[PDB]
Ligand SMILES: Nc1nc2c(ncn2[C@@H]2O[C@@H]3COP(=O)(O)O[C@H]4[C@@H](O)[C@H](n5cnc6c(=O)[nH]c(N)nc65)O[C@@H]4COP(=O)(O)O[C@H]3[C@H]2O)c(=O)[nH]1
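Take a look at this one chain, the form solved without this ligand, written out in C-alpha cells.
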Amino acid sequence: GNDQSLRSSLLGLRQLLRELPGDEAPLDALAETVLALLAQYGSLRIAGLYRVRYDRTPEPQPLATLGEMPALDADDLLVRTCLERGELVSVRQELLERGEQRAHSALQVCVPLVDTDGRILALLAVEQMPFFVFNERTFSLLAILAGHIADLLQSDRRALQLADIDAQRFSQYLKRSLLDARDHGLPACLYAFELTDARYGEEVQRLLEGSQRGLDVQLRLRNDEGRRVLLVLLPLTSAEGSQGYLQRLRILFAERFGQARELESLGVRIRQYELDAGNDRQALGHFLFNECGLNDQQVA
C-alpha cells in the first residue's frame, strides 16, 4: 500500500542509477532526483542536499536545492548535531509555533544519508516543511528513504569487493530490511524454497530464478542435508504483498508444470519468515541455520 509507493520510487531511482554513463559520480548526477524524492515523501517546501566528506563535514555548496533555499551557515548546531550523531534531528515544535524560525535564522530538520556500513554519504537540510508534517511519522519515512537511497548510491567498491554481486546485493538488502524492521517496524519477508526431489530440482530452480522481479533478491545455496535451497528476500513488503508473491508464484508453476500439480508435488518445501520488531533477535538464526539447515558462512 504505502510499501509499494516506496518500492516503486526506489526502483525508479535504481533504474536511473543503472543507466548512468560510468564516468559520472552518482551523487552528483542524480542529486536533483534524490532531493525531489525526499521532498515528495516529507512534503518539503524549502530544502538542500549536501555532499558529506569522509570526515563527517558537509560541502557548503549544495548538490541540489528546493524552493528558496538559503546558503548554509558557519557551524549550525542542527547541521553539526546530525553529522556528529549520524541520525535525523529536529528543532522543537514550539520554535515553529512561536514563529521564531526567521529570527534565530534556524533550519527545521537535518537528515543524514547513511548506508548499511554507517558511512554518511550526504546530508538533507530542511529549511521549511508544513507544520502538519513536522511529526514522527514523517521524520521516520524520511529516515527510511534516506537509508535506502544511500545504499543504492553505494554502487561502487563492489567493483573492489570479491563476492558475487548477487550475494553482495542480498546481504546489503537483508541488513537494511533488518534496520527497517528494528528501527521503524517496516515489514519484509524471507522465503526459503528447499528442493527435495532431485528429478525436478534443476527446472524448479530455473523457474524460481526467472521469477525475480523489482527489489526481490535471491541466494542459491546447499543446506546441510544435500539439498538446493533458494532464499528469497522481499524488502519493504507487507503480509498482503508477501502472500500475493506466493500466489503469483503458484500461477507461474501451474503454467510451467501440471495445472494438476502443486509446487509441493515437485519436492518443494516452503519455509517463511516475517521480519519484525517484536521478533526474537535470535529467531532469524533458528530459521536460517537449523530450520533451513544453512550456516553463518553462507548468510551473514
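In this text, residue numbers run from 1 along the sequence as written.
On average the C-alpha atoms of 124 to 132 have higher B-factors than those of the other stretch, with 124 to 132 and 212 to 220 being the two compared.
Between the stretches 21 to 29 and 5 to 13, it is 21 to 29 that shows the larger average CA temperature factor.
Taking the deposited Cα B-factors for 80, 228, 206, 169, the highest one is held by 80.
The entry assigns its greatest Cα B factor, within the set 147, 201, 185, 99, to 99. Ranked against the other modelled residues of its chain, the C-alpha B-factor of residue 62 as given in the entry falls in the middle third. Looking at the C-alpha B-factors along this chain, the one for residue 85 belongs to the highest third. Residue 258 sits in the middle third of its chain by CA B factor, as recorded in the PDB entry.
Annotation for residue 269: C-alpha temperature factor in the lowest third relative to the rest of the modelled chain, per the entry.
Among the modelled residues of its chain, residue 54 has a C-alpha B-factor that falls in the highest third according to the deposited record.
FYI, the form solved in complex with this ligand isn't displayed, but the following is about it.
Placed here by superposing the C-alphas around the site, this ligand (as posed in the bound PDB entry) stays clear of every backbone and C-beta atom by more than 2.4 Å: open pocket.
Shown alone here, residue 206 lies farther than 4.5 Å from this ligand in the bound PDB entry, counting heavy atoms only. Taking the partner from the other structure, this ligand in the bound PDB entry has a heavy atom within 4.5 Å of a heavy atom of residue 248.
Remark: residue 199 does not count among the residues lining this ligand in the bound PDB entry, judged by a heavy atom distance of 4.5 Å or less. Within 4.5 Å of some heavy atom of this ligand in the bound PDB entry lies at least one heavy atom of residue 234. Proximity to this ligand in the bound PDB entry, taken as heavy atoms within 4.5 Å, picks out 211 to 219 from the listed stretches 79 to 87, 128 to 136, 161 to 169, 211 to 219.
Scanning 67, 60, 70, 241 against this ligand in the bound PDB entry with a 4.5 Å heavy atom cut-off leaves one residue, 241.
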